[PDB]
Amino acid sequence: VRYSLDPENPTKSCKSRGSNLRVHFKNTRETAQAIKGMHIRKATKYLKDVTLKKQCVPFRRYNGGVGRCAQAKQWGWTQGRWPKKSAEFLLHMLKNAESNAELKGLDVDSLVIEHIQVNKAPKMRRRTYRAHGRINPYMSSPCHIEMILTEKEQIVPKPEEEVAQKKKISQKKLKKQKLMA
Amino acid sequence: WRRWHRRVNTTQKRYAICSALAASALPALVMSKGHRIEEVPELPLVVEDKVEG
Amino acid sequence: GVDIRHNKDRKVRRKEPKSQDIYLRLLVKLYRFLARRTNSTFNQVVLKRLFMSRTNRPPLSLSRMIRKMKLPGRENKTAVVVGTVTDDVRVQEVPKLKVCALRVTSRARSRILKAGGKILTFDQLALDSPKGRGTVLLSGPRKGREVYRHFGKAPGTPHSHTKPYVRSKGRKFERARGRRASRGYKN
Amino acid sequence: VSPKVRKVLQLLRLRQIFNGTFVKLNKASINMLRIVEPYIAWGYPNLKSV
Amino acid sequence: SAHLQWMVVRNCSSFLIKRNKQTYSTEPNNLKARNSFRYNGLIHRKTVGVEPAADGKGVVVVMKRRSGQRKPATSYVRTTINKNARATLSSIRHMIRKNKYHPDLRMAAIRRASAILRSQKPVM
RNA sequence: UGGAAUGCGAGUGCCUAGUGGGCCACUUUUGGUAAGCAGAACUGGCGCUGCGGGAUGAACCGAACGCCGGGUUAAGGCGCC
RNA sequence: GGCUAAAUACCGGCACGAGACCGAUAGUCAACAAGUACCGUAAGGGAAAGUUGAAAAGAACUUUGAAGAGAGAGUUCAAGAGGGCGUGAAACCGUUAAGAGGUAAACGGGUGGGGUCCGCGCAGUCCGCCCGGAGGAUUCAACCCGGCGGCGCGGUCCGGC
Ligand SMILES: [Mg+2]
Ligand SMILES: [Mg+2]
Ligand SMILES: [Mg+2]
Ligand SMILES: [Mg+2]
Ligand SMILES: [Mg+2]
Ligand SMILES: [Mg+2]
Ligand SMILES: [Mg+2]
Ligand SMILES: [Mg+2]
Ligand SMILES: [Mg+2]
Ligand SMILES: [Mg+2]
Ligand SMILES: [Mg+2]
Ligand SMILES: [Mg+2]
Ligand SMILES: [Mg+2]
Ligand SMILES: [Mg+2]
Ligand SMILES: [Mg+2]
Ligand SMILES: [Mg+2]
Ligand SMILES: [Mg+2]
Ligand SMILES: [Mg+2]
Ligand SMILES: [Mg+2]
Ligand SMILES: [Mg+2]
Ligand SMILES: [Mg+2]
Ligand SMILES: [Mg+2]
Ligand SMILES: [Mg+2]
Ligand SMILES: [Mg+2]
Ligand SMILES: [Mg+2]
């Protein structure tokens with residue numbers, strides 16, 4: 001595994017990545033550019049608003065046909081959308097990265113999204129049936145994502161309503177563990 | 001049925017054999033062929049018939 | 001701009017033998033020096049002919065050499081031909097000749113030598129006749145070739161005795177129409 | 001250049017522009033100079049010019 | 001003869017190097033490593049060769065004896081000169097001029113001997 | 001006294017590709033009301049050819065072209081562009 | 001009416017040998033579960049598709065996640081070789097860095113500015129002879145001995161081929 005960039009101080013950084021993820025590449029490249037440079041607590045808070053349609057992801061490069069909204073004015077841009085799957089996929093990668101920071105004994109409340117890159121993955125093939133007995137591609141556009149988090153001097157403790165939540169138990173995880181045991 | 005084979009006149013073939021043998025008695029030509037004959041006593045190098053056995 | 005045509009600037013003529021023979025080129029080196037460093041035009045003419053192609057160096061028959069070397073005033077001169085001296089069986093008696101040639105056929109050597117004659121090589125002629133003195137330069141017939149039968153006016157034109165190109169020769173091969181008045185016409 | 005002018009200019013040896021030659025005058029040559037009249041400037045040179 | 005043998009090797013020889021618009025000859029007794037009729041060390045009856053001694057002291061002068069042209073073993077006479085720089089050249093100059101042994105190689109031999117001797121000095 | 005001037009080295013032989021739609025201008029010229037029309041003679045052009053001028057332009061005017069420095073010109077120009 | 005071996009032919013078959021042939025879009029359609037998959041009612045039509053590593057040593061174990069996926073750890077010379085894995089181009093794309101941006105971009109000539117690096121620059125060459133100061137010697141010429149070599153019209157020496 002090689003990342004496009006290298007951490008400046010590897011002892012103060014945590015990595016995360018994912019490949020062949022079935023979330024639109026175009027929506028996700030825009031979503032990642034929004035959180036570039038964000039503090040992790042701010043970044044996590046932001047992506048949850050995007051799911052609730054309380055903050056938009058400005059569509060700056062892949063904006064052909066994208067509509068206008070009042071929340072894109074926050075970014076000095078007229079076009080914005082709320083890609084829910086892109087936000088949710090990045091919330092999982094951030095959660096994985098934050099756990100990686102803990103495994104390395106890093107102050108998770110000081111992490112900043114320093115590098116984040118969305119790459120096109122190999123495209124998955126389906127087909128759609130067209131008029132006059134013709135068949136055309138129906139292609140998914142998955143992506144690879146990689147993010148590096150670094151420590152900075154600004155500290156944001158985690159929200160109170162978030163640290164008080166129960167460690168959710170998954171029955172299906174218990175079943176498999178019992179079967180292995 | 002490409003024409004793989006060439007007829008060469010007999011007289012010209014024998015000429016070539018004569019020129020190759022004449023050029024084999026000259027140290028310069030044998031040297032220029034890369035042969036290490038800097039110490040062979042003589043050219044042409046004739047050795048008694050015992051070796052045939 | 002200068003008003004001149006350039007189609008004739010480059011003269012077509014040999015400056016060296018197309019042949020890669022190393023003995024021919026050693027003679028050309030020899031006669032390059034002689035032609036340059038002597039005022040003899042015989043040296044220049046010989047040098048030129050060493051470049052000439054095979055068909056520009058026709059063979060000289062033994063009979064023709066004797067005929068040209070028998071003319072008055074040519075006694076005790078060296079016959080010089082840049083080419084091959086072939087033999088002529090049609091000759092009965094060969095006199096004593098002194099010849100210089102590039103090649104002499106095996107049977108022409110025995111006949112010339114048996115009569116007391118001498119056969120030189122062009123490197124020996126230079127030592128004997130550096131300027132070409134006392135020589136008789138001789139050439140074989142240049143139009144003595146089957147090709148020159150076919151050149152000239154096309155065979156189907158009036159008073160054109162050119163030889164046509166026919167695969168076979170006989171009554172059935174280009175003799176009917178155009179070659180007799182009975183079939184169309186003749187000319 | 002017309003074929004007649006072109007031939008007369010080569011005979012005078014004026015094959016290039018601003019080329020100069022001396023010509024000794026007589027009925028044969030004065031009539032040649034008339035043919036190339038549009039293509040030449042000519043006159044009588046004095047000793048210093050020569 | 002030399003001229004006949006040059007015509008066979010002038011462009012076909014295992015010693016011929018044609019590279020970078022340059023032509024060289026790597027045979028022994030070639031005082032300039034030059035693919036040339038004059039400096040070819042094989043085709044002439046008499047040749048001069050200058051080489052460094054097996055130990056890095058002095059030069060070895062090679063001259064081709066007259067008699068055994070077809071006998072490579074006895075053809076060449078080797079002489080080792082390990083004198084001072086000026087003395088070495090003087091011997092080489094005399095071995096050529098006084099004997100009239102290829103007088104046209106005199107300076108080529110003398111220039112080669114200087115280059116070999118200069119090479120044998122300590123490297124700075 | 002190689003018998004006008006001028007200029008110029010010539011002669012000769014084989015093998016031979018492409019081409020065989022052309023078109024334009026001065027002068028001359030047929031048909032047509034005429035045509036940026038159709039058809040001819042002569043030369044020269046474009047085609048195959050850039051370059052300076054004609055703002056622009058196949059052909060007009062000047063002039064034909066290796067890569068450069070200096071100088072001078074042609075046809076054209078010199079209010080500003 | 002009739003028979004008859006041999007010398008001759010042989011892109012099928014069995015078994016071999018070789019090559020100035022091709023080298024995975026080539027060479028047979030077929031280097032591989034190819035006359036296979038698949039298409040057509042049928043006669044017929046008919047592909048794509050080779051490569052981890054020397055050796056599976058094919059990544060135990062910890063941790064986040066429902067999982068796919070990750071972060072550590074480990075094997076290996078190398079996973080910067082991780083099971084459609086040798087190398088890994090271009091087009092196309094992500095990000096980073098630098099520069100710039102109203103006559104679409106691109107382009108020829110001439111400079112200028114800025115970077116990337118290179119000279120592995122920064123008191124600037126080397127060589128011969130001669131003059132002079134200081135030194136140090138496997139110390140010079142000339143003669144003697146020995147070896148080798150070139151040439152000799154040795155005006156015409158002997159012997160050899
Ligand atoms: Mg649109
Ligand atoms: Mg719409
Ligand atoms: Mg249908
Ligand atoms: Mg010119
Ligand atoms: Mg031309
Ligand atoms: Mg020509
Ligand atoms: Mg017309
Ligand atoms: Mg055309
Ligand atoms: Mg033309
Ligand atoms: Mg033009
Ligand atoms: Mg105008
Ligand atoms: Mg100029
Ligand atoms: Mg029968
Ligand atoms: Mg393949
Ligand atoms: Mg194939
Ligand atoms: Mg392929
Ligand atoms: Mg290939
Ligand atoms: Mg294939
Ligand atoms: Mg491959
Ligand atoms: Mg391997
Ligand atoms: Mg490697
Ligand atoms: Mg590898
Ligand atoms: Mg591969
Ligand atoms: Mg690979
Ligand atoms: Mg930028």
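Hydrogens, waters and symmetry mates are skipped; everything else that's a heavy atom, side chains included, is used. To find a chain, count down the sequence lines: A is the first, B the second, and so on, and within it residues start at 1.
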Seminar exercise, completed: In B/S/- notation (B base, S sugar-phosphate only, - none; protein heavy atoms under 4.0 Å), nucleotides 5-12 of chain F written 5' to 3' is SBSS----
Exercise. Do other residues, nucleotides or ligands put more than 12 heavy atoms under 6.0 Å from C:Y165 OH?
Worked result: yes
For this session: Check whether the side chain of E:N99 and the base of G:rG150 form a donor-acceptor pair under 3.5 Å.
Result: no
For this session: Determine the contact category for A:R22: base if any of its heavy atoms lies under 4.0 Å from a base atom, sugar-phosphate if only primed atoms, P, OP1 or OP2 are that close, otherwise nothing.
Result: nothing
Problem set entry | pair A:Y138-A:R125: side-chain heavy atoms closer than 4.5 Å | no
For this session: Would you confirm whether G:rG53 and G:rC122 are paired, taking Watson-Crick (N1-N3 with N6-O4 or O6-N4) or G-U wobble (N1-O2 and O6-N3) geometry and requiring each distance to be under 3.5 angstrom?
Result: no
Seminar exercise, completed: Winner on side-chain proximity to E:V77, out of G:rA67, G:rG149, G:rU95, is G:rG149
For this session: Go through G:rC129, G:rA66, G:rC93 for me and flag the one nearest to the A:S170 side chain.
Result: G:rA66
For this session: Measure the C1'-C2'-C3'-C4' torsion in the sugar of G:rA34, then label it north if positive and south if negative.
Result: south
Exercise. The side chain of A:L103 lies closest to which of these nucleotides: G:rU63, G:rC129, G:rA67?
Worked result: G:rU63
Seminar exercise, completed: G:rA69 -> Watson-Crick or G-U wobble partner, both distances under 3.5 Å, gives G:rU64
Exercise. Hey, does E:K46 reach any base, or is it just sugar-phosphate, or nothing, if we go heavy atoms under 4.0 Å?
Worked result: sugar-phosphate
Problem set entry | Close aromatic pair by centroid cut-off 6.0 Å: C:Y148 and C:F151 | yes
Exercise. Looking at the side chain of E:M63, which of G:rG70, G:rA71, G:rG149 is the nearest nucleotide?
Worked result: G:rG149
For this session: Identify whether F:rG62 and F:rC51 are a Watson-Crick or G-U wobble pair (both distances under 3.5 Å).
Result: yes
For this session: Run the pair test on F:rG21 and F:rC48: Watson-Crick or G-U wobble, both distances under 3.5 Å, answer yes or no.
Result: no
Exercise. Is any N or O donor-acceptor pair between the side chain of A:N100 and the base of G:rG70 shorter than 3.5 Å?
Worked result: yes
For this session: With side-chain contact (heavy atoms from CB on, under 4.5 Å) as the test, would you mind laying out the steps for A:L111 and A:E151 before giving the verdict?
Result: CA-CA 5 Å; A:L111 298 172; A:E151 304 228 28; 4.0 Å; yes
